[PDB]
Amino acid sequence: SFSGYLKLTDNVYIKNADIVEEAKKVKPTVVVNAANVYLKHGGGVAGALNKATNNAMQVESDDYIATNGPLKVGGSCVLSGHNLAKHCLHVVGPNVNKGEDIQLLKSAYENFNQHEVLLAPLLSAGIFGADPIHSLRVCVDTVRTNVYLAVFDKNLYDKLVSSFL
Ligand SMILES: COc1ccc(C)cc1NC(=O)Nn1cnnc1
């Protein structure tokens with residue numbers, strides 16, 4: 001199971017970890033991807049998860065988009081977890097750098113409630129441009145299922161824990 005996490009609340013845990021390494025170690029039922037509406041896994045968490053699957057995530061994602069069209073910002077889809085997890089829940093948080101509504105971050109986190117336990121990154125953090133302290137707050141106030149957050153950056157992890165109310 002999950003090890004080395006700091007408990008923030010009844011259901012939210014956090015660790016300074018590379019989510020790819022964490023997924024390969026735990027092989028959780030669900031790993032969350034910080035997806036975009038096109039499921040183009042170029043960079044950030046998505047680029048790293050996809051690279052760990054040897055591009056199989058991108059091949060599966062392109063077939064999903066060809067059939068279904070793009071996701072909505074705030075939406076998600078369940079696809080294979082490949083070698084990382086049983087499933088990957090691709091969740092689209094708003095990208096502040098694309099001028100997307102930050103209010104959609106709560107809708108994005110609501111997708112996590114359909115899964116009992118998830119390994120996840122902070123939505124809309126990193127290259128998505130939102131404040132990770134705000135993302136953690138929305139996470140704790142929205143997600144009711146068990147979420148194990150992996151924060152890659154040690155300095156950000158320390159800031160998130162030390163400022164957690
Ligand atoms: C790479 O991981 C999988 C791949 C395929 C499958 C069918 C399952 C997994 N996961 C897995 O077994 N996770 N788990 C969580 N709690 N007990 C077991």
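Read the figures in this text as sums done on the coordinates, not as results from a lab. In this analysis, Cβ positions are derived from the backbone assuming ideal geometry, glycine residues included, and neighbour counts consider all displayed protein chains.
Within the stretch 39-62, identify whether any single residue is β-branched (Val, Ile, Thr) and closer than 20 Å to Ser1 by Cα, and answer yes or no. Reasoning before the result, please.
Start the filter on the stretch 39-62 by keeping residues that are β-branched (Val, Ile, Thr), which leaves 45, 53, 59.
From what is left, the residues that are closer than 20 Å to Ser1 by Cα are none.
No, the conditions are met nowhere in the stretch 39-62.
Determine which member of the set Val147, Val140, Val91 is farther than 24 Å from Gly42 by Cα, crowded, with 24+ Cβ neighbours inside 10 Å, in contact (Cβ under 8 Å) with a residue 40 or more places away in the chain and of a type in the set (A, V, I, L, M). Let's see the steps before the verdict.
Values: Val140 fails: crowded, with 24+ Cβ neighbours inside 10 Å; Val91 fails: farther than 24 Å from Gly42 by Cα.
The conditions single out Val147.
Here are some conditions: (1) in contact with a strand residue (DSSP E or B) (Cβ under 6 Å, 6 or more places away or on another chain); (2) buried (at least 17 other Cβ atoms within 10 Å of the Cβ). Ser107 meets all but one. Which one does it not meet?
Of everything listed in (1) in contact with a strand residue (DSSP E or B) (Cβ under 6 Å, 6 or more places away or on another chain); (2) buried (at least 17 other Cβ atoms within 10 Å of the Cβ), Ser107 misses just condition (1).
Take the residues of the stretch 26-82 that are of a type in the set (D, E, K, R) and away from the ligand (no atom under 16 Å from the Cβ): which is surrounded by the most Cβ atoms within 10 Å (Cβ to Cβ)? Before the answer, list the steps.
So in the stretch 26-82, the residues of a type in the set (D, E, K, R) come out as 27, 40, 51, 60, 62-63, 72.
Then keep just the ones that are away from the ligand (no atom under 16 Å from the Cβ); that gives 40, 51, 62-63, 72.
Values: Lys40: 16, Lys51: 14, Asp62: 13, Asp63: 12, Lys72: 12.
Per the criteria, the residue is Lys40.
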